[PDB]
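Below is one structure, written out as structure tokens; the observations come after it.
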Amino acid sequence: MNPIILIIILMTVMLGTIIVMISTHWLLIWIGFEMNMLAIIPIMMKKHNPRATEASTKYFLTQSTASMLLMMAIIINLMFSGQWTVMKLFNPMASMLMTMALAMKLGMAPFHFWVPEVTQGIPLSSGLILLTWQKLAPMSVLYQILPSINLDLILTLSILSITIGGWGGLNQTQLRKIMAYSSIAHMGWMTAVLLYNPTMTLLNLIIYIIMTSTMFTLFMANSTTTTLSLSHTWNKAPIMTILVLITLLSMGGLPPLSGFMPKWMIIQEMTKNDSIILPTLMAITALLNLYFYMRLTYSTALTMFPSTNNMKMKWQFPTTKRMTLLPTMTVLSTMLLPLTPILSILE
Amino acid sequence: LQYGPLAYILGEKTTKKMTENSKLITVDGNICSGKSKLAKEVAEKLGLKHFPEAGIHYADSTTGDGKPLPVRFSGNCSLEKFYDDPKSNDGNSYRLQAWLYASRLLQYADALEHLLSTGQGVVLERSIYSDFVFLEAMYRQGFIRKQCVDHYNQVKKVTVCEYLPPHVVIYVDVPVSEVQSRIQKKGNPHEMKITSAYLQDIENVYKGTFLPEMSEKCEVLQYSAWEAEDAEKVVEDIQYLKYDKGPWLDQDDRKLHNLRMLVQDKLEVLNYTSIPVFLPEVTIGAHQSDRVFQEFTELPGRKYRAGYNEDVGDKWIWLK
Amino acid sequence: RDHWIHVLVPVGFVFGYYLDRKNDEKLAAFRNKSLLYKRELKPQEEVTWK
Amino acid sequence: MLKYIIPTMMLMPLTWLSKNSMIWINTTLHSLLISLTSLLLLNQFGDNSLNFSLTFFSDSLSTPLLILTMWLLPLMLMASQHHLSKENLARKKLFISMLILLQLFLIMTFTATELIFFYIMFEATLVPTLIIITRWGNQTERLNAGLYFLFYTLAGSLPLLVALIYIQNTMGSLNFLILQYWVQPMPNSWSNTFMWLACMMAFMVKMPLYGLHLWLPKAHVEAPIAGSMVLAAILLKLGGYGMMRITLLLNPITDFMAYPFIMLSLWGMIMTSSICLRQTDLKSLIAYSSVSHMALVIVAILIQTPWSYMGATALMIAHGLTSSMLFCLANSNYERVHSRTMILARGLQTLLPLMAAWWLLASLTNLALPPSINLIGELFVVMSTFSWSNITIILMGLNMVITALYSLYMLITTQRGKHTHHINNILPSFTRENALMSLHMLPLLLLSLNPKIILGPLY
Amino acid sequence: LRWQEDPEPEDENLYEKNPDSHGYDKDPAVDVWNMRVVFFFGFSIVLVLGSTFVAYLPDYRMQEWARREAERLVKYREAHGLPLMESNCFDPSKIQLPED
Amino acid sequence: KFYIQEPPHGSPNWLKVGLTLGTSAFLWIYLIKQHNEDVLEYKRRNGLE
Amino acid sequence: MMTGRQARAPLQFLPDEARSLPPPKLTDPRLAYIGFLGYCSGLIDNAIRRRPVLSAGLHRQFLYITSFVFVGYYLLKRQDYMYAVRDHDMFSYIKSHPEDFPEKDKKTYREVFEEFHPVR
Amino acid sequence: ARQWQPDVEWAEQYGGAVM
Ligand SMILES: CCCCCCCCCCCCCCCCCC(=O)OC[C@H](COP(=O)([O-])OC[C@H](O)COP(=O)([O-])OC[C@H](COC(=O)CCCCCCCCCCCCCCCCC)OC(=O)CCCCCCCCCCCCCCCCC)OC(=O)CCCCCCCCCCCCCCCCC
Ligand SMILES: CCCCCCCCCCCCCCCCCC(=O)OC[C@H](COP(=O)([O-])OCC[N+](C)(C)C)OC(=O)CCCCCCCCCCCCCCCCC
Ligand SMILES: CCCCCCCCCCCCCCCCCC(=O)OC[C@H](COP(=O)([O-])OCC[N+](C)(C)C)OC(=O)CCCCCCCCCCCCCCCCC
Ligand SMILES: CCCCCCCCCCCCCCCCCC(=O)OC[C@H](COP(=O)(O)OCCN)OC(=O)CCCCCCCCCCCCCCCCC
Ligand SMILES: Nc1ncnc2c1ncn2[C@@H]1O[C@H](COP(=O)(O)O)[C@@H](O)[C@H]1O
């Protein structure tokens, strides 16, 4: 791809996200989602192989169906309210359809069935964009429509997302599918606390984007797409095994790391509203996420898998990749729990 | 780096330096075809840059100080021990062939990087498109197993597809008896143990697979052992080729930009040489890998990045 | 100093002792105010504990 | 407590800026200086706990665990420097960093004034222990053992997080000093039953309770020697410390919620001692002995009389020293015969007489020979459980008989009889090994002289 | 066959190259100085000075104070005919009972 | 010399080192000026001078 | 929660009433911890590119430290501002609603009857 | 007697399409 065209297309992805984030009119929200999908389709087809065309087709079908259900929710809102302000929805049917549409856009279960296929079909940078930047705009719309979100619907989507993203990653050996099922479980964690305190939703989204950006940047810098290709990293760059160790231990929610911060604040704000069973079942279900994270740490950092002979040639060459913000993202994903009351800047 | 997308934006297009002399030439032949002097004379008549045939220590010649490393750090294989025991127990045959394929891939990346950064053509000797003839010869001679051929075909399938074939392939017909005459007059005591059926399998895989499949994607030239002695007839045949085949015609600035971004990041070039297919001829266990890696770090000028070694005389490190 | 590494842990202890004695000043809201230990101040003395 | 946290953090540049032949000596020296400095925490009072700041305090329960923790680090460095001699220098510094960091987590685990800080440090102590077991463990089972060690503790402790945040929302605070005065009675309801379980089951896993102890004879066996020392000496006692804090809040519901767990521990001290009678692995014999000893500490916390708490904290300190020394003796034979099978190396008193004297004294402290603090803690727990019910003397006495049996069976099997003929790499005892044994045993014997500093907040 | 692996290295003896080995390191000067650091800073410092320090703790948890205070209180309330201890910890005048 | 190929970090990029030190010094003087302005504004708004 | 408070004046990182609050000192332990994070980012940046970790790029390590301190100072200002806003709104809502916050008649323990549960 | 590191049989458990 032309680098000019690449920069313009990424600016158009960011522009669609910003148009969703700033606009007060529902048509402009829908326009922002349309512009976002229309611009991210070439990023998924950057390498032009049949898995990228299949992934882009599945992504197109899901996001197109969600955009049309979003416009139907907007049209039922225009019926029952005569106006277009992006605020609460004045009909439970419009609220249900818009919550379904945003659940399809986020890939929350049971609309999750595209996320590991599409994430496997595309490169690691486009998978990074899909699993971090494409979560921003629907969570902004859910942040704005929450006076009308049905509680039972959003918590059903949340716990079903956490459970299916827990069980999905246990069978995986491809790194992109592990990150996709991690995405489904963490989106369940984000939407579970939304109607209770959406500041903790934004905290979970920010910590999640930091940690997922760290893992995709480490996977890009090591050029590893499978578990067993990540297993050769100790014989190539041993510092990378340390960084993926501490970042996978962070994403599992272990103290004293900063991946414990969001789930601890979510449990903290759900027990205030007299919900005890639900954050306890969510916390126990996240142990599955921790299990396949520890599987990856066993294969990468805590043991030494056998390498091959041709690694000796790669010893003689440094990484000439732009590992952009990788030390910054590694520090922020692990050592931020002493700065836990920094979350008030998102209030 | 040096060249990135920003230099492509600011004007460094590669068809501005791509003249008509900028050709990729690969000289091929059997084990003692004598094609080294042919490649060097063709490279000096056409004004090109000659690359010698990549051995075990080619990566040693491009990195560090250019002197060859010990064989435990580079290769873990011996051409002489392949010549002496081609059916050896320790798996030196496929391990030598796989290290040589990675060495020729690194050489081909260097060749394309020179061709695309300077606009000067390159003469090569036995590139990665012709490396498989020794694989098929060693399999027909029973020197390796079939799973080694499967491993080679996997690595080749995921690596050779990312590159453009040469412009000119110069093959040198030298028969088996003349090759053996030159082997016996060479006087190499390891190389004189090569069987006739191995050389015959090399020539058969050449004439039956390599040139019939390269004749579509490039322009093949073919010479005997005496008409390749005159370099000027070969250079005259090169200069009067009507270049019309192969995928070099539909190469704009964007495709060659992506190729130049590929061939300068050597770890991406060498990415799929070490795929995790645990084949016992090339799989190195963890204790040997750990020990050899820690000893490779202690080699002088190897502990850090190339600008960052005080023990070889790098200064201003605290401002780098 | 030729042996500069042997003053990391002892100077760390001196610094931690200093910070503990500094925090005792911030926790001085009941100095000479407790019903068990309140008393008139002796001359040439402004605080009962430091 | 900052005067102990800061030098423990300064052990990190002390272990990363040391010369490559000096990284054991410097960390050993300065951790011995920190262990000397640990004795300032004995400024205890009969009414008030030594309350440092809003974040840190130390009563007479946390103080012996702190001194034992800060004493355990140089001994772990001495124990673990022989089998990590051929290690890479960077991986050796990483091992020492994991030990220093585990001490750093523990010394502000025991001093946590507020209970969610205790929870964060308490579950932070998993990560260096997990890295030590799954990285510098010796056999294949270290990965599975790290899985069991991680996923019993988090399965127990994630209900504890919800319980503590519930107390934070109800009482308004998880400060233990405020909860000493704002504690309300916890009546009988199903809500308070699961409140009790959520507050107690994490520490029941960490002790370990019988029936939940299955992480322990794999984590304590498949660890290296420094991992085995810290797991046997401190990380089981995190559970008893958390119980003695958190059972302030669980009254009067503990007076009938304790019965199933008192039955589990009174029968588990019989069953795990019986398991010790038939172990082939010496290191697993010491692991099940640790389960058998911590069962009494569980019973003593659950009956919550003053004699029971005094005996439980004395038995925790005594068992930390004794079990750490038993693992170090097991390592001293494993570094010669390269097998943990107890029947392999026999007759070792004929070859190593002073090391056999150390075996004798650690087996005597294991069987609670008076006047050791082993017998002091054992005896006070037996007094309090007799006052609880008069029929528990049968189980306590039968446990003491089986305890003497497996202790002296361990001694006779490894040290007595005819020596094994085909084993000829039995070196003499190194000065490092005998010094390690003496630095375990001599504080354990000197604490019999003045035992009041290990009898907890209510001596 | 099976892969390329180094053989099991023989376990080294510290007494072969150094018959005066204290078991800390194979460098003999590092070994002797590790011996002196361990022995001095453990036994000569921590054990000896800590046995002295615990031996002379300033009335650890005020037990000696409590014995002396109890001697003073018993010496008081023997001379005045008061009972040595009340069954009521607190004065019944300053306790309101729940009426019935 | 040592290396057969000139490393990209053989010489320090003096432009990038100068911009690094200049940007860092600019952020430090801006931070000190901001902090002095902030304590001055706090003492002005609360009348503590 | 407090999203209607900062909706009259949107996208203000530090409002004008944040200046009534005392700024964090430059010796704040939070800000010193953020500077330690800058030093750690400098060390990881030297490690992943195989530079000497403590020595190489002291200008780069110093820009890491400076940039983290520079961002974290304003982050601490916004943190202290938002918690001051939270306490200010709490106290004004308690003042405007006395019927919802009755001053509790505190009894002493001579009248408070607590059921005694013996441990025996 | 040295530290167990994973062999080929261990690492082929992580090489399938699924786990
Ligand atoms: C604060 C100031 C304190 C000053 C007084 C210190 C109080 C005692 C401290 C600890 C004493 C034991 C440590 C040495 C023995 C371990 C090493 C060994 O085997 O050496 C043999 C070796 C001579 O034997 P060898 O023939 O050359 O070689 C050994 C053979 O190859 C093979 O060896 P073996 O089998 O032929 O000979 C071993 C033999 C084997 O015999 C036994 O195992 C039988 C022992 C048990 C039954 C008899 C005792 C029952 C309990 C009654 C006594 C306690 C209460 C008495 C009060 C009246 C009743 C209330 O055991 C003994 O001879 C030990 C004698 C002392 C027994 C103490 C109790 C140990 C039993 C287990 C715990 C019992 C509860 C705790 C009691 C704590 C009392 C403080 O001894 C030495 O060279 C001595 C080295 C220096 C020892 C220093 C000890 C104190 C260090 C503290 C430093 C810091 C404070 C400064 C004060 C320093 C004062 C000197
Ligand atoms: C080691 C592995 C096993 C660990 C076991 C851990 C303990 C077992 C029981 C845990 C229960 C869940 C935490 C309860 C926290 C109590 C907080 C509270 O306020 O309670 C009162 C509250 C009361 O509700 P409330 O607080 O909203 O109302 C106020 C109080 N009343 C009712 C008086 C008005 O209790 C609950 O809301 C529910 C408590 C029970 C929850 C049952 C779900 C979990 C079932 C057991 C799972 C055990 C682990 C399984 C997985 C193991 C690994 C695979
Ligand atoms: C502490 C918790 C963590 C545990 C691990 C700690 C590891 C770190 C270690 C730090 C240093 C050690 C700290 C604890 C030290 C304990 C020792 C100590 O202080 O003791 C003070 C005790 C205190 O006793 P005391 O309380 O009566 O002291 C009187 C008090 N003053 C001095 C103030 C008036 O000292 C003594 O008892 C000294 C008595 C003289 C020496 C011993 C004589 C008897 C020896 C045996 C005689 C023969 C008997 C027959 C048997 C023959 C053989 C079988
Ligand atoms: C309420 C919230 C409001 C909004 C807050 C902010 C949200 C931030 C969300 C960040 C999402 C980042 C998505 C990834 C970057 C997008 C552009 C991109 O793809 O850059 C990667 C780039 C592409 O290069 P290419 O060559 O195509 O890749 C193949 C590898 N040769 O180059 C590469 O591939 C090189 C490899 C390194 C790439 C690293 C990129 C890291 C970028 C993210 C940093 C972390 C996010 C910012 C901090 C936290 C903010 C919350
Ligand atoms: N499998 C192989 N067997 C023998 N020679 C090989 C093999 N692969 C590459 N070669 C090279 O082919 C060369 C023969 O051509 P020449 O350079 O003229 O000697 C040898 O020197 C080897 O370096």
Side-chain angles (χ1 to χ4, degrees), chain A residues 271 273-281 283-285 287-288, chain D residues 32 35-36 38-39 41-42 63-72 75 151-167 169-170 187 189-202 204-205 209 212 233 317-318 320-321 349 352-365 367-376 434 437-454, chain E residues 42-60 64:
Chain A
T271 57
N273 288 301
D274 291 333
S275 67
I276 306 298
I277 300 169
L278 196 64
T280 306
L281 267 65
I284 294 300
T285 309
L287 297 177
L288 279 73
Chain D
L32 283 169
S35 181
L36 187 273
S38 63
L39 298 172
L41 295 163
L42 293 171
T63 295
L65 297 166
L66 286 160
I67 298 171
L68 180 63
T69 300
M70 286 179 273
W71 177 249
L72 196 67
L75 276 67
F151 288 99
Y152 287 11
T153 304
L154 291 162
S157 68
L158 267 62
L160 177 64
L161 181 63
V162 182
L164 293 180
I165 299 168
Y166 178 73
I167 298 167
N169 297 127
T170 300
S189 66
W190 294 108
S191 294
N192 296 117
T193 298
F194 286 90
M195 189 72 210
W196 192 86
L197 266 77
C199 291
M200 290 296 290
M201 285 293 287
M204 288 288 171
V205 170
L209 183 68
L212 299 174
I317 299 299
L321 287 169
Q349 185 172 359
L352 267 60
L354 184 63
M355 191 61 74
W358 295 117
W359 276 102
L360 176 62
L361 296 179
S363 298
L364 290 180
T365 57
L367 61 86
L369 179 62
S372 64
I373 55 170
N374 282 298
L375 192 274
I376 295 168
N434 287 318
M437 300 316 120
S438 57
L439 289 172
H440 284 98
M441 179 53 72
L442 296 176
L444 181 61
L445 300 183
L446 287 173
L447 284 171
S448 299
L449 297 175
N450 195 359
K452 65 181 179 289
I453 60 168
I454 50 97
Chain E
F43 297 102
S44 298
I45 302 300
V46 175
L47 265 74
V48 170
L49 297 180
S51 299
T52 305
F53 189 81
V54 174
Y56 292 100
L57 287 174
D59 193 1
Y60 178 74
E64 294 182 354

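First the proteins, then the strands, lettered A, B, ... as listed; each starts at 1. For ligands, and for the atoms within them, numbers begin at 1 and follow the listed sequence. Side-chain atoms are counted along with the backbone in the values below, which use heavy atoms only and exclude waters and symmetry mates.
- Within the 4.5 Å cutoff, side-chain heavy atoms of D:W71 are placed close to those of D:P443.
- For the pair D:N374/D:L369, no side-chain contact is recorded, criterion being any heavy-atom separation below 4.5 Å from C-beta on.
- Minimum heavy-atom separation, D:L68 to D:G320: CD2-CA, 4.3 Å.
- Distances from atom 1 (C) of ligand 1 to the heavy atoms of D:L449, D:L354, E:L49 put D:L449 nearest.
- The shortest heavy-atom distance from D:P370 to ligand 1 is under 4.0 Å.
- In this structure, D:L36 and D:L32 have side chains that are not in contact, with every pair of non-hydrogen atoms separated by 4.5 Å or more.
- Residues D:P371 and D:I376 share a closest heavy-atom pair of O-CD1, 3.8 Å.
- Atom 4 (C) of ligand 1 lies below 4.0 Å from none of the non-hydrogen atoms of the protein.
- Taking atom 34 (P) of ligand 1 as the reference point, the nearest protein heavy-atom neighbour is D:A357 CB, 4.4 Å.
- For atom 24 (O) of ligand 1, the nearest protein heavy atom lies 4.0 Å or farther away.
- Within the 4.0 Å cut-off (strictly below), no protein heavy atom is located near atom 44 (C) of ligand 1.
- In this structure, the side chains of D:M200 and D:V205 stay at 4.5 Å or more apart for every pair of heavy atoms.
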Test log, rule side chain to side chain contact (heavy atoms under 4.5 Å, CB included), inputs D:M441 and D:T365: CA-CA 9 Å; D:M441 179 53 72; D:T365 57; 3.9 Å; yes
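- For atom 93 (C) of ligand 1, the closest non-hydrogen atom of the protein is E:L47 CD2, 4.0 Å.
- The backbone N or O of D:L42 sits nowhere less than 3.5 Å from a side-chain atom of D:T63 that would complete a donor-acceptor pair.
- Protein heavy atom in closest approach to atom 40 (C) of ligand 1: D:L360 CD2, 3.8 Å.
- Remark: ligand 2 atoms within the under-4.0 Å shell around heavy atoms of D:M195 are 16 (C), 17 (C), 18 (C).
- In this structure, atom 47 (C) of ligand 1 lies nearest to the protein heavy atom D:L369 CD2, 4.5 Å.
- Scanning all protein heavy atoms for the shortest distance to atom 53 (C) of ligand 1 gives D:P371 CD, 4.6 Å.
- Listed by number with element, the atoms of ligand 2 under 4.0 Å from a non-hydrogen atom of D:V205 are 1 (C).
- Between D:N192 and D:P187, the closest side-chain pair of non-hydrogen atoms falls below 4.5 Å.
- Distance check, rounded to the nearest 0.5 Å: CG of D:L209 to CE of D:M201 gives 6.5 Å.
- In terms of protein heavy-atom proximity, atom 96 (C) of ligand 1 is closest to E:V48 CG2, 4.5 Å.
- Under the 4.5 Å side-chain criterion, counting only non-hydrogen atoms from C-beta, D:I453 is not in contact with D:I67.
- For atom 81 (O) of ligand 1, the nearest protein heavy atom is 4.0 Å or more away.
- Sorted by chain and number, the residues within 4.0 Å of ligand 3 by heavy atom are D:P64, D:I67, D:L68, D:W71, D:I317, D:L446, D:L447, D:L449, D:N450, D:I453, D:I454, E:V46, E:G50, E:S51, E:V54, E:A55, E:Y56.
- No donor-acceptor pair under 3.5 Å is formed between the side chain of D:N450 and the backbone N or O of E:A55.
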Show your reasoning for whether side chain to side chain contact (heavy atoms under 4.5 Å, CB included) applies to D:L41 and D:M70. CA-CA 12 Å; D:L41 295 163; D:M70 286 179 273; 4.0 Å; yes
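- Against a heavy-atom cut-off of under 4.0 Å, A:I284 is close to the following atoms of ligand 2: 51 (C).
- Distance screen at 4.0 Å: atom 88 (C) of ligand 1 has no protein heavy-atom neighbour inside the cut-off.
- Each of the atoms 16 (C), 17 (C) of ligand 1 lies under 4.0 Å from some heavy atom of D:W358.
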Got a list of side-chain donor-acceptor pairs under 3.5 Å for residues 153-162 of chain D, not counting sequence neighbours?
unit_1: D:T153; atom_1: OG1; unit_2: D:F149; atom_2: O; d: 3.0
unit_1: D:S157; atom_1: OG; unit_2: D:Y119; atom_2: OH; d: 3.3
unit_1: D:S157; atom_1: OG; unit_2: D:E123; atom_2: OE1; d: 3.3
unit_1: D:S157; atom_1: OG; unit_2: D:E123; atom_2: OE2; d: 3.4
unit_1: D:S157; atom_1: OG; unit_2: D:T153; atom_2: O; d: 2.9
unit_1: D:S157; atom_1: OG; unit_2: D:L154; atom_2: O; d: 3.4

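- Under the 4.0 angstrom criterion, atom 31 (O) of ligand 1 counts as having a protein heavy-atom contact.
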Quiz: residues 44-52 of chain E side-chain donor-acceptor pairs under 3.5 angstrom, not counting sequence neighbours:
unit_1: E:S51; atom_1: OG; unit_2: E:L47; atom_2: O; d: 2.7
unit_1: E:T52; atom_1: OG1; unit_2: E:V48; atom_2: O; d: 3.0

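- Residues satisfying the ring pair (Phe, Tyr, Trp, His ring centres under 6.0 Å) criterion with D:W196, sequence neighbours excluded, are D:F261.
- Applying the 4.0 Å criterion to heavy atoms of D:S448 picks out, from ligand 1, the atoms 76 (C), 78 (C).
- Summarising the geometry, atom CD1 belonging to D:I317 is positioned 7.5 Å from atom CD1 belonging to D:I454; distances are rounded to the nearest 0.5 Å.
- If you look at D:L197 next to ligand 2, the close heavy atoms, those under 4.0 Å, come from the backbone and the side chain alike.
- At least one side-chain heavy atom of E:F43 sits under 4.5 Å from a side-chain heavy atom of D:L439.
- Within the listing of ligand 1, atoms 10 (C), 12 (C), 73 (C), 76 (C), 78 (C), 80 (C) sit less than 4.0 angstrom from a heavy atom of D:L445.
- For the pair A:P279 and A:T271, the minimum side-chain heavy-atom distance is below 4.5 Å.
- Under a 4.0 Å criterion applied to the non-hydrogen atoms of E:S51, ligand 1 contributes the atoms 95 (C).
- Distances from atom 13 (C) of ligand 1 to the heavy atoms of D:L442, D:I376, D:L361 show the closest one on D:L442.
- For atom 100 (C) of ligand 1, the nearest protein heavy atom is 4.0 Å or more away.
- Within the 4.0 Å cut-off (strictly below), a protein heavy atom is located near atom 17 (C) of ligand 1.
- Using a 4.0 Å cutoff on heavy atoms, E:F43 does not count as a contact of ligand 1.
- Protein heavy atom nearest atom 6 (C) of ligand 1, with residue, atom name and distance: D:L446 CD2, 4.4 Å.
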Going through the checks in order, is the side chain to side chain contact (heavy atoms under 4.5 Å, CB included) test met by D:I167 and D:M195? CA-CA 10 Å; D:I167 298 167; D:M195 189 72 210; 3.6 Å; yes
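- Of all the atoms in ligand 1, the ones that sit under 4.0 Å from a non-hydrogen atom of D:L364 are 43 (O).
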